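Undergrad: experimental coordinates for this protein are included below, preceded by the sequence.
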Amino acid sequence: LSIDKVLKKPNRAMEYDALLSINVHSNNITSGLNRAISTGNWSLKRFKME
Amino acid sequence: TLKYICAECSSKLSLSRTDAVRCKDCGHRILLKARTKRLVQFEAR
Amino acid sequence: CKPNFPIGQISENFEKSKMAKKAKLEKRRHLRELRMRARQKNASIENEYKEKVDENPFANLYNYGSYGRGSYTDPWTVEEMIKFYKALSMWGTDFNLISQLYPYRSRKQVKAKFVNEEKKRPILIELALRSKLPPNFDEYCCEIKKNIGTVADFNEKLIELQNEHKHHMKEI
Amino acid sequence: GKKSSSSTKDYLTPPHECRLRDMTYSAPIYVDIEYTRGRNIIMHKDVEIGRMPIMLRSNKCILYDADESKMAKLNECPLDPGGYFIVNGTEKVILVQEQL
Amino acid sequence: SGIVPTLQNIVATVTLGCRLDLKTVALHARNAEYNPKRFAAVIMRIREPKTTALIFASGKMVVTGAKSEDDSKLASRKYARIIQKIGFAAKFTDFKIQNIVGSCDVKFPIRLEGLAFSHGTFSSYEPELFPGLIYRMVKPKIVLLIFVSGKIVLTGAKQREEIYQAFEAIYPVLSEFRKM
Amino acid sequence: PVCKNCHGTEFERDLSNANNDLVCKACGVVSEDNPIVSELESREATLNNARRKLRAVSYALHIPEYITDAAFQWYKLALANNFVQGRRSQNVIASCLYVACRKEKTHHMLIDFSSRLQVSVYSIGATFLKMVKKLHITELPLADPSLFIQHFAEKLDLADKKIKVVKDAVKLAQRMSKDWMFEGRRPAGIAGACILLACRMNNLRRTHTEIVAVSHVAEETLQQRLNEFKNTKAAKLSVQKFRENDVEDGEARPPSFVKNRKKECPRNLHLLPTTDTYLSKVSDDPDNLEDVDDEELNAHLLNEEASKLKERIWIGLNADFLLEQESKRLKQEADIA
Amino acid sequence: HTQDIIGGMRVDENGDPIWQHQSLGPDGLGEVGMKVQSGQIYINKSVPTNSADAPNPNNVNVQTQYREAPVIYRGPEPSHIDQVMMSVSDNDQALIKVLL
DNA sequence: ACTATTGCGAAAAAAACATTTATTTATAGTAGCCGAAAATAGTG
DNA sequence: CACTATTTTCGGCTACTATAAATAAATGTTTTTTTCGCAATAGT
Ligand SMILES: [Zn+2]
């Protein structure tokens, strides 16, 4: 969802690079693991069990 | 004085206030307050 | 021991510095030959046909001179001067038609070349004002050299095409 | 853990030095990726995404196979069992669950 | 020293009572330049007195490229003479001046970050976007810029007299903390 | 605050036996007993949207949270002061949080904000000065380059003896601070050269390109700096040798007046030239204009047989009025149907 | 942009130490090696009173805003200060940790 | 299948409003691209 | 030992934001809101 917002642009469709914005979602796997270990309750989606 | 000393650099230094948190001679950033010279009193029981 | 480039010690992983720097000159080398030549499931198949390359972090490096207006203008020639000074002498100062005379040259730098000729040769532009007369009669060849590309008398031919178009409104 | 360019072990914070700063004793995640920049496709190495908090005495930590001399320099107890995380200070451990 | 700041560009606009058409003033001119897709007006350039003319399709007109002051009124009225060829009234009533720029020389190297620390509440700059400093002076409501070479461009005078009392104001204020 | 008997102004709380009563000091009467402890929407929707976006780049630049929350108030006022309208969304937040980064005097530059979004530096630099000018931010920290040297060493992955090469670099920079270069030059430039010179003398990690991956400035404009200090004073003393122990100032030579030279009572009011005398030179005839007559501008006129010839090429370069014409003709068709 | 300061040992009648301040030290950090009792602040922490006020982009009156908020050693028995270290967290943010 | 009731989705549009079109001073500062020249090293 | 060729070595140049301060018709878009369409879904 952070690339197709850009890919719907006429001028920014040739020179655009993807992993320049890889770092914006980088802090969603650290604070997700460090919360699940600190607060020992793991909220999943595929099984929906708490 | 005998101000803040480092953990493993173990180098006596006097940090000037509100300036840094690291030590010299190493980039290690955990430092201890040294024991005072002031006399203290105890018992023996 | 002057500060400019002695090889003098370990210099770990210097080859990625050397490989990208030497390849940088090759990048502009392709951009020189583009100028002189101008002087003269199914989507993944062509993605396989594209060039596959490994990224080295030194190559794509950016500075202040990046993503900005302008480029390097082609330096002018004496062959361009004689077609410049002749149209400069016939008209007063008209950037419009002379931009099409020089096919890949743009409106912007030919304006700058007028600014370039002001300080450089300030006496030739004083004669450009003074030259308001029929010149040495060789421009008639360059008159029809402008008229041989798409030979169509636009004083009479380039009327009917909108008369074709304005008739279409009266139909619809 | 390591990169593919330097091919070193790593440079990593000590765990006892980590537990006095309320930090998460972690290790980076590295992938390699290939994509289409444009006219050409391009493959890049060593993309960092996040930091993996890893248990002590595992083969990725620096305490693996010490000789109470590195561990003397890293002031950890040789008699410590290991097997627990140091997320943001306090040291926690995951218990062994069971079900039907 | 007795140095005078010379004046480089003088711009002015007048009103016109007649509405302009782009056909009848461009297609039988000499400095024919009008690109409707690029720019909605016609320019023309004369070698003497090296000024530049700019019109508007609504009727209005503005001039730039004038070095002196009386020479601006000379050039503006010669620009009206070509419009007398076309069947237009071509009248000029109000010769307003609003934009007078000057350049000067001081010719001793100065610091600029010293006054940027002292006179920082009222004037400031950014180094990596622009080399010089931007100076403000609200007492004549004049703004301008300085350099590290001493030479100071006195830009944007709405009145020719307005800069003169401002010109010798700052130069004693600048000369302090002189280098040695 | 005032006692009932002695009107005491200071109150002391007794924590000895955990009664937590509050007693005046003078006479000892209790003041209190039994303590009681405590055990638009579219305007909101656009800031909660923007709450995501300034937090977005803070993850990229390793920004700790006390800058991001501090810059939130700068965006909060600039929204209220009608600054947010017209400009792009990503431009108005990238210019916003740099101001907070300047107040902290951080190592972060400005060019790193333009990096991923693929614009020029002065693209988002253009909206920056419009922020500080319109919103009257008078005080501001100076762009001190001494911060940048300390941060460059970590990603420079140099030898373990990295503290001595910085302590030598800062004494170089402090010596170069008294020197006369960075006054209109760039803080990233001169701090990209002094750390380049200090690392030169001890290792060959200088490759003229590895530091450009750090400093982000051209290989040749830093070589200009390597020539620039050599020609002022006492560089040839320390070109080859000479341990970093001297304390000299030398001459004062900012490299601006040399090129100016190589190229080569107050002021009274009634001596400078006036303005209204030049206004009154030639008459102010409103409609008449036959007092500025001449012979070349009278001959400034079309060519009569080339009136059709000049327009033929002008209509040969016509494609706009071709394309413009059906826009008026479809306007007639769209008005009726 | 306001920090928290460690000002300490307010003085009285030609002497530094008040009954609460015999073990508070010069820097505001409690001195290593001496005992504490009830009362007797061992870390002096001062907080700005404009904890959530809006940033006025000026410096007009910022000189007197630090109200005291210390931590008093409770407990019924006299304990000693063993040692105290100070360091930084993962963000640039200082720590104070004394072990009684 | 197909028609109707629904919510959102996209786009107008409104109002504002900063962003572009051409001037002139330079001045110092980058930054890119180009030889200009000069020494140096392979190899005769 | 010495020629020939080349890789530096060194400017040289050309551009190029800036700056204000006008003028001004576009000339962009933005938020904010409102409009309008279609598909979304489910019951015809
Ligand atoms: Zn140390």
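TA: Nice, I can see it. Numbers count the residues shown, from 1 in each chain, chains lettered A, B, ... in the order given.

Undergrad: hmm, the strand or helix carrying residue F:213 touching chain E?
TA: Taking DSSP states H and E as the definition, residue F:213 sits inside helix F:212-215. No: Helix F:212-215 lies apart from chain E when judged by CB under 8 Å from any CB of the partner chain; the minimum separation is 12.0 Å. Using the backbone N, CA and C atoms, a C-beta is placed for each residue, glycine as well.

Undergrad: so what does the next helix or strand after that helix touch, helix or strand wise?
TA: Next in sequence after helix F:212-215, counting helices and strands by DSSP H and E, comes helix F:219-228. Packed against helix F:219-228 by the contact rule (3 or more CB pairs under 8 Å, 6 or more residues apart in numbering or on different chains; DSSP states H and E) you find helix F:187-190, helix F:194-200, helix F:212-215.

Undergrad: touching DNA strand H at all, helix F:219-228?
TA: Yes: counting by CB under 7 Å from any atom of the strand, DNA strand H has neighbours in helix F:219-228: F:220, F:221, F:224.

Undergrad: give me the contact list for whichever helix in chain C runs longest.
TA: Longest helix in chain C by number of residues (criterion: DSSP state H): helix C:15-39. The contact list for helix C:15-39, computed with CB atoms under 8 Å, 6 or more residues apart in numbering or on different chains, reads C:56, C:57, C:58, C:59, C:61, C:74, C:104, D:5, F:207, F:208, F:209, F:210.

Undergrad: next: stretch D:17-30.
TA: Contacts of stretch D:17-30 (CB under 8 Å, 6+ apart): A:29-30, A:34, B:7, B:28-30, D:1-4, D:10, D:12-13, D:15, D:46-54, D:60, D:85-89, D:91, G:85, G:87-90, G:95, G:97.

Undergrad: from those residues, which land in helices?
TA: Counting by DSSP H, the contacts of stretch D:17-30 contribute A:30, A:34, D:15 to helices.

Undergrad: out of these, which comes closest to chain E?
TA: residue A:30 (32.7 Å; CB to the nearest CB).

Undergrad: got the contact list for that closest one?
TA: Listed by CB under 8 Å, 6+ apart, the contact set of residue A:30 reads D:24, D:26, D:50, D:51.

Undergrad: who's the residue lying closest to the second one once chain neighbours are set aside bridged to?
TA: It refers to residue D:26. In this structure, residue D:26 finds its nearest non-sequential neighbour in residue D:51, 3.6 Å apart by CB to CB, 6 or more residues apart in numbering or on different chains. Residue D:51 has these beta-bridge partners by DSSP bridges: residue D:28.

Undergrad: Provide the secondary structure category for the residue nearest in space to the middle of chain C.
TA: Nearest to the mean C-alpha position of chain C, by CA atoms, centre = their mean, lies residue C:105 at 3.9 Å. Under DSSP: H, G, I helix; E, B strand; the rest coil, residue C:105 falls in the coil class.

Undergrad: now what about the helix or strand residue E:134 falls within, what contacts it?
TA: In the assignment (DSSP H and E), residue E:134 maps to strand E:133-137. Outside strand E:133-137, the residues that touch it by CB under 8 Å, 6+ apart are E:112, E:115-116, E:122-125, E:143-147, E:166, E:169-170.

Undergrad: quick one on the thing from earlier: the helix holding residue F:213 and chain D, are they touching?
TA: No: Helix F:212-215 is not in contact with chain D by CB under 8 Å from any CB; minimum separation 13.4 Å.

Undergrad: what about that helix, distance to the chain center?
TA: 19 Å (CA atoms, centre = their mean, to the nearest Å).

Undergrad: packing partners for it?
TA: So helix F:212-215, by 3+ CB pairs under 8 Å, 6+ apart, packs with helix F:219-228.

Undergrad: and the contacts of the helix it packs on?
TA: Residues outside helix F:219-228 that contact it (CB under 8 Å, 6+ apart): C:3-4, F:181, F:189-190, F:192-193, F:196-197, F:208-209, F:211-212, F:215, F:255.

Undergrad: again, only this time at 10 Å
TA: Residues outside helix F:219-228 that contact it (CB atoms under 10 Å, 6 or more residues apart in numbering or on different chains): C:2-5, C:21, C:24, C:61, C:63-65, F:176, F:179, F:181-182, F:185-186, F:189-190, F:192-194, F:196-197, F:200, F:207-209, F:211-212, F:215, F:217-218, F:235, F:255.

Undergrad: just the buried ones from those, in PyMOL syntax?
TA: A single PyMOL command selects the buried members of the contacts of helix F:219-228 (16 or more other CB atoms under 10 Å in any protein chain shown):
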select buried, (chain C and resi 3+21+64) or (chain F and resi 176+179+181+182+185+186+189+190+192+193+194+196+197+200+207+208+209+211+212+215+217)
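
Undergrad: ok, for the closest residue to DNA strand I within chain B, nearest residue in space, not its chain neighbours?
TA: For chain B, the residue closest to DNA strand I is residue B:27, as judged by CB to the nearest atom of the strand, at 35.1 Å. Leaving aside its chain neighbours, residue B:27 sits nearest to residue F:163 (6.7 Å; criterion: CB to CB, 6+ apart).

Undergrad: ok, the residue lying closest to residue G:37 once chain neighbours are set aside - contacts?
TA: Closest residue to residue G:37 apart from its sequence neighbours, by CB to CB, 6+ apart: residue G:78 at 5.1 Å. Residues in contact with residue G:78 (CB under 10 Å, 6+ apart) are G:35, G:36, G:37, G:38, G:40.

Undergrad: how much space between residue G:78 and residue F:217?
TA: Look at residue G:78 and residue F:217: by CB to CB, to the nearest Å, they are 62 Å apart.

Undergrad: ok, now residue D:30?
TA: Counting by CB to CB, the gap from residue D:30 to residue F:217 is 29 Å.

Undergrad: residue A:10 now?
TA: The value you get for residue A:10 to residue F:217, if CB to CB is used, is 32 Å.

Undergrad: then residue F:132?
TA: Distance, residue F:132 to residue F:217, using CB to CB: 24 Å.

Undergrad: pop the domain breakdown of chain E in here.
TA: The domain map for chain E lists E:1-11+E:98-180, E:12-97, with the assignment taken from CATH domains of a matching chain.

Undergrad: how about these in TSV, adding mean neighbour count and distance to residue C:157?
TA: Rendered in TSV, the data for these read as follows (neighbours: other CB atoms under 10 Å in any protein chain shown; distance: least, CB to CB, whole Å):
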stretch	mean neighbour count	distance to residue C:157
domain E:1-11+E:98-180	16	43
domain E:12-97	17	18
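
Undergrad: among those domains, which comes closest to DNA strand H?
TA: Nearest to DNA strand H, of all those, is domain E:1-11+E:98-180, at 3.2 Å by CB to the nearest atom of the strand.

Undergrad: distance of residue F:1 from chain B?
TA: 34 Å (CB to the nearest CB, to the nearest Å).

Undergrad: what's the closest of the contacts of helix C:15-39 to residue E:47?
TA: residue C:74 (27.3 Å; CB to CB).

Undergrad: pretty sure that closest one sits against residue C:103.
TA: No: the criterion here is CB atoms under 10 Å, and residue C:74 misses it with residue C:103 at 11.8 Å.

Undergrad: more neighbours: those two, which one.
TA: A count of neighbours by other CB atoms under 10 Å in any protein chain shown puts residue C:74 above the other of residue C:74 and residue C:103, at 15 against 9.

Undergrad: quickly note the distance from the closest residue to the more buried one other than its chain neighbours to residue D:38.
TA: The shortest distance from residue C:74 to any non-neighbouring residue, by CB to CB, 6+ apart, is to residue C:35 (6.4 Å). Distance, residue C:35 to residue D:38, by CB to CB: 21 Å.

Undergrad: could you count how many residues lie near residue 29?
TA: No chain was given, so I picked chain A. Neighbours of residue A:29 under the rule other CB under 10 Å: 14.

Undergrad: not quite, I wanted chain G
TA: Residue G:29 has 20 nearby residues by other CB under 10 Å.

Undergrad: how about the contacts made by it?
TA: Going by CB under 10 Å, 6+ apart, residue G:29 touches B:4, B:33, G:6, G:8, G:42, G:43, G:44, G:81, G:84, G:86, G:96, G:98.
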